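Below, all heavy atoms of this structure are taken into account, side chains as well, without hydrogens, waters or symmetry copies. Sequence positions, counted from 1, serve as the residue numbers for this chain. Ligands are counted one by one from 1 in listed order, and the atoms in each one are counted from 1 as well.
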Amino acid sequence: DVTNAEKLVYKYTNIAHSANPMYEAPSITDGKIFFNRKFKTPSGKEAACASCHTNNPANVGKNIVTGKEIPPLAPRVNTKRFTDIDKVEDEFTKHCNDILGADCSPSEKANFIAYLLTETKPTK
Ligand code: HEC
């Protein structure tokens, strides 16, 4: 739920700030840029988190590889997101690995989840 997401924001912020002293607090802007930024897959095709999750994490997404729908990521809309916070940290590390080839950095996770807490409205 939102509570659990908000607590992982603190956790990742504090990790990031230890590693990277100039990072002090989450940036919702940078979290949004990261979610929408086009990166280059090995093939040269560009993709973004938004390719599957849409440009609004409050909406239902669709996996471009399988065509399968994906529940919304924004915990205010889909309150099951971040229900088992331990499980979630492992899943998200695995998921970063799968999508990007390596884990997301602690500041990317803090910024991203912070951004998610701001998206409470599905695009209509
Ligand atoms: C399709 C190829 C995807 C792209 C590109 C990204 N994500 Fe994804 N995401 C996708 C699936 C099939 C799932 C699992 C099904 C489900 O309902 O959970 C996810 C899940 C997430 C989650 C939930 C937690 C988790 O399972 O790790 C998060 C927070 C998430 N995705 C974030 C995310 C980010 C930040 C991405 C860019 C780096 C990204 N996803 C890309 C499908 C796809």
Quick check on [X] - does any of its heavy atoms sit under 4.0 Å from an atom of ligand 1?
| X | answer |
| --- | --- |
| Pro71 | yes |
| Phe34 | yes |
| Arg81 | yes |
| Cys104 | no |

Next item on the list: Please test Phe82 against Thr3 for side-chain contact (heavy atoms from CB on, under 4.5 Å), starting from the C-alpha separation and ending with a verdict.
Entry: CA-CA 9 Å; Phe82 307 101; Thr3 298; over 6 Å; no

Item checked: Flag for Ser27-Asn111: side-chain donor and acceptor within less than 3.5 Å -> no

Note to self: Closer than 4.0 Å to some heavy atom of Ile99 - which atoms of ligand 1 meet that?
What the structure shows: 3 (C), 4 (C), 5 (C), 6 (C), 41 (C)

Next item on the list: Could you list the atoms of ligand 1 found under 4.0 angstrom from a heavy atom of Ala48?
Entry: 5 (C)

Under 4.0 Å, heavy-atom basis, I'd like to know which part of [X] is in contact with ligand 1: side chain, backbone, both or neither.
| X | value |
| --- | --- |
| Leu73 | side chain |
| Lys94 | neither |
| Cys49 | both |

Next item on the list: Kindly confirm or rule out an N or O of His95 lying under 3.5 angstrom from an N or O of ligand 1.
Entry: yes

Checklist line | N or O pair under 3.5 Å between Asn63 and ligand 1 | finding: no

pair [X]-[Y]: side-chain heavy atoms closer than 4.5 Å:
| X | Y | result |
| --- | --- | --- |
| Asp103 | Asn97 | yes |
| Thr93 | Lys109 | yes |
| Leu8 | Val88 | yes |
| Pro75 | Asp1 | no |
| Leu73 | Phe112 | yes |
| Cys104 | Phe34 | yes |

Item checked: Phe39, CZ atom: more than 12 neighbouring heavy atoms under 6.0 Å -> yes

Next item on the list: Name the closest protein heavy atom to atom 4 (C) of ligand 1, giving the residue it belongs to and the distance to 0.1 Å.
Entry: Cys52 SG, 3.3 Å

Check: Tell me, which protein residue and heavy-atom name are nearest atom 42 (C) of ligand 1, and how many Å apart are they?
Finding: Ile70 CD1, 3.5 Å

Checklist line | Heavy-atom nearest option to atom 6 (C) of ligand 1, drawn from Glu91, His53, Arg37 | finding: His53

